[PDB]
Every structure is written in C-alpha cells, then in structure tokens.
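For the numbers below, each heavy atom of this structure counts, side chains included, while hydrogens, waters and symmetry mates do not. In each ligand, atom 1 is the first atom listed, and ligand 1 is the first ligand listed. For this chain, numbers begin at 1 and follow the sequence in order.
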Amino acid sequence: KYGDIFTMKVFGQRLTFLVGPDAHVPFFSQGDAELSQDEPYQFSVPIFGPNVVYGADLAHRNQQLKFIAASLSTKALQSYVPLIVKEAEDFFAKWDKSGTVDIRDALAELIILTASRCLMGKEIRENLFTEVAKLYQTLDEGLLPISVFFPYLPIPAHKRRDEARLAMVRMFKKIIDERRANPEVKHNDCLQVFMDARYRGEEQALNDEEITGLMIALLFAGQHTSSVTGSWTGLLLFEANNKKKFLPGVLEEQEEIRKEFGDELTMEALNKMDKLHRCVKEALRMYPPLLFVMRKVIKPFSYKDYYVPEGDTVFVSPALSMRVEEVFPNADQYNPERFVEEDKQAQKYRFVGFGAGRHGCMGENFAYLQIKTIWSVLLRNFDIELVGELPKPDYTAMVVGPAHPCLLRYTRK
Ligand code: HEM
Ligand SMILES: O[C@@](Cn1cnnn1)(c1ccc(F)cc1F)C(F)(F)c1ccc(-c2ccc(OCC(F)(F)F)cc2)cn1
C-alpha cells in the first residue's frame, strides 16, 4: 500500500491521482501556467454565475480572489467575530435545559445565519434571511452528478437553479442601490468590500451579477465545508473514548482563557484555544469535506518515472492522503495532540485539508473562528454526549458529511 500515483481512463479522459506529500508536490507547488482550474470546476459556473470565479478569465479571477481575501483578512475578521459570537449565543440560548439534536442540521442553520450577516449584511440578515436560505437551497439542488459533466443541460433542476440565481441578483440589486444612494454610511460585511472593489486599469466597479456571485460563492463555501467539519468536530470529541482522553484538556483550556480574558469571547481569546483548534484540525484530517481538488495539466511533468501528459486531470484526495500511515502514525485514530509535533514538521503538503500553495483556502481563519466559537459556546453552557455509533461518511451530496442522524444529547450547566 505504497501506491502514490495512478491513472484511470474514464469517459475518454485520463484521471491521475496523487497520494501523499511527495506526489502532492507537482499539484500544489506549481501555478496557473502549469495547472488550470477551469475545466474541472465548470460545475460551479452556473451556480456562482457568469464572469465570476472559475467563470472569469484569469485577469479578472485573480482580482476577484484578492477582493475575497480582503473580505476575509485578519482586519475584517476582527469586526466579524462579535457578530459570530452573538449569533451563536442567541441560537443556543433557544435550547432547552436538556434534549437531543441533530448537530449537522443545527450547525448548517447557524452557519448560514451567521454567513448571511457577515457576508451579506444587516439588511438581508434581518429582513430577508428566509428568502435567501430558500434561494440558496434551490441553487444547491441544481448541483447533481450530471452537472459536473453537463452544467448547462436543460433539465428542471438546472432551470430552477438559474432562476434562483437571477432572483438572488434582483434581491441584492435593491440593497446595493440603497447603499450607493447613501455611500457615506459604512457597513461591516463582505458586500461592502465587494462594492468598493475596483478592477485595475478601469473606473469599473463590479456589477450586481458579479457582486452577488462572489457572495453565493462564499455562502456555498461555508455550507459545503465549515458546517460539516463543525459537525464532525463535536461528533468525534464527544465519542466516549475520545471524550475521556481529550475533553479534559479542552475544558481546562477554556477555564484558563476565561481567567485571563473573562466570559467575553474575542478574537484574541479564540486565537489562544490551541487544544480546541487541534480538535477541529483532527476532525478535518479524518473526514475532509472536499473529496478531491483537481487541475487540468497544461505543462507535462514526471513524478518518479511516471509521466503525466498535457490534458490529464490530476486529483488529490485529502481523505486518502491524510490516512497514509507513513505520514500520520495511527492514521485511523482520533488524536488531536498529534499536531503538537506534526505542526513542527518541515516537509510540505502533509496536511492538505485546506489545500496548499497558490490556491489554498482563503477562508481558513474564518472557518476556525466560526467553528471554535460554536464549540466554545457549547462547551461553556452544556454537557454533551454522542448518541449511538459515530456516524459514517455519507457521499450522496457533492459533500462528505456525517450520515444522518447525527445525534448529540445535551444538558445545561
Ligand atoms: C473547514 C472548512 C473549509 C475547508 C476544509 C476548506 C478547504 C478548502 C480547500 C481544500 C481549498 C482548495 C481548493 C482547491 O485547491 O481547488 C479551498 C479553497 C478556498 N476556500 Fe476553503 N475551506 C473551508 C472553509 C472556507 C470558508 C469558510 C471560505 C470562505 C467563505 C472559504 C473560501 C475558500 C476560497 C475562496 C478558496 C479558493 C482558493 C483559490 O482558488 O485560490 N473556505 N478551501
Ligand atoms: O473549492 C470550492 C469549495 N470550497 C472551498 N472552500 N470551501 N468550499 C470553492 C472555491 C472558491 C470559493 F470562493 C468557493 C468555493 F466553494 C469549490 F470551488 F466550490 C469546489 C471545488 C471542488 C469541489 C469538489 C469536491 C469533490 C468532488 O468530487 C469529485 C467527483 F464529484 F466525484 F467527481 C468534486 C468537486 C467542490 N467545490
């Protein structure tokens, strides 16, 4: 079991898989001239919309990615964290003195609530949430297996998808027009950043399609990644064995933070929760939400004496790569504290839950803050137990989440 590169031919296409840190090197270390995202990620274009992300040419795409990075910078996150905390506290306040919850359903709800606020702004959060959630659900239901091959197939799900997108644009057109009418009012959200964004060489702001598309993209990200890793984080920690070993260190750490900082959850406090961080990271190691990341090969390369020609699609599976024993001792065991030592390793591309290199996750820090917020609030206010077996990965959506039901029992402290 030290195969680390192999090829299928399927549908007349050569798929080449790269497993483990050495094989990863040609995937992550190269750039846009050598590897292309366009063709593998076609499926996303009619979801986010035309001329947005993988539907834009490189020139525009590279600038859109800089806008996104700005919207999720450290500075921006400082101002979002209060919002993220409030939403979480309001949400879990609604909970009874004890009961049972599907954690996956719950965190999907909370994360899309929070995202609507930070991404899309107060107006939408407070006036139009239900409309936005419904429109998103429709978008998401137009992502079928067939859609990765034929995105613009005129089947019903695709029609409703396209209609839902256009509706979403119309909704934001109103908010944007109102904001341009009153442009001296500052707003704390990604929308503001996208409204102030300008392409270079041009007095051109993004139109409403592009702005809406960038926000669909980021909403999609949170629902497809953060919400699942957020669920696993708890499912894994509050399994009886894992709970025994690891929860003490976590609860201790929360109390040490409260003594230095107080009851208030802040950027600085969350940034100190190392043991909780590693719990999230280990859930991510074991059940990464993205099955594959992919590129079309433009410039051929060899790894060992294995030749990968132009026109190949190369794949990395974070799931596979991070179950390799040579890299991760007891690969199939839950051990958060592996990352004390693992984090000190010099060799690149061992952990690839957030990808790496030029196109690594720009939302990593946001994800950690969102997920640590959730579990900080939960840990501080409840005693929690896993109901039954640890769920198995469910591969039906275009996302690998824990299979329903994902039940936790809670009792208030
Ligand atoms: C724990 C949750 C998350 C995981 C596991 C995750 C994972 C990843 C991975 C593996 C990539 C690389 C994709 C590729 O190479 O093609 C990526 C890219 C990206 N992620 Fe995330 N992500 C997460 C959360 C987020 C969040 C919350 C956002 C923002 C809303 C976000 C925004 C992005 C963006 C914009 C990229 C594009 C990188 C590029 O093409 O340059 N992610 N993410
Ligand atoms: O990488 C994403 C997802 N993401 C990244 N971070 N959080 N979510 C992405 C990238 C940039 C964004 F702005 C928003 C995004 F959501 C993405 F571009 F849409 C994306 C890329 C690849 C996949 C993907 C994952 C697994 C797949 O399985 C392969 C198979 F379907 F079997 F053929 C197929 C596709 C999903 N989303």
Closer than 4.0 angstrom: is that true for some heavy atom of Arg295 and an atom of ligand 1? yes

Would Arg61 and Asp32 pass as an ion pair if we require N to O under 4.0 Å? no

Checked atom 21 (Fe) of ligand 1: protein N, O or S atoms closer than 2.8 Å come out as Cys361 SG

Using atom types as modelled, flag every donor-acceptor pair under 3.5 Å from a side chain in residues 4-13 to any protein atom, sequence neighbours excluded.
| residue | atom | partner | partner atom | Å |
| --- | --- | --- | --- | --- |
| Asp4 | OD2 | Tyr303 | OH | 2.2 |
| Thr7 | OG1 | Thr16 | OG1 | 3.2 |
| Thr7 | OG1 | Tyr306 | OH | 2.4 |

Hey, does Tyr41 sit under 4.0 Å from ligand 1 if you only count heavy atoms? yes

Could you list the residues that satisfy side-chain contact (heavy atoms from CB on, under 4.5 Å) with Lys348, not counting sequence neighbours? none

Which ligand 1 atoms are under 4.0 Å away from a heavy-atom of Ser226? 2 (C), 24 (C), 27 (C)

Is a donor from one side chain sitting under 3.5 angstrom from an acceptor on the other, for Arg358 and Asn62? yes

Is there a heavy atom in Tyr54 that sits closer than 4.0 Å to ligand 1? yes

Show which atoms of ligand 2 fall inside a sub-4.0 Å distance from at least one heavy-atom site of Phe292. 24 (C), 25 (C), 26 (C), 28 (O), 29 (C)

side-chain contact (heavy atoms from CB on, under 4.5 Å) filter on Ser376, not counting sequence neighbours, yields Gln254, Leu265, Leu270, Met273, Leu276

Go through ligand 2 atom by atom and flag the ones less than 4.0 Å from a non-hydrogen atom of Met294. 34 (C), 35 (C)

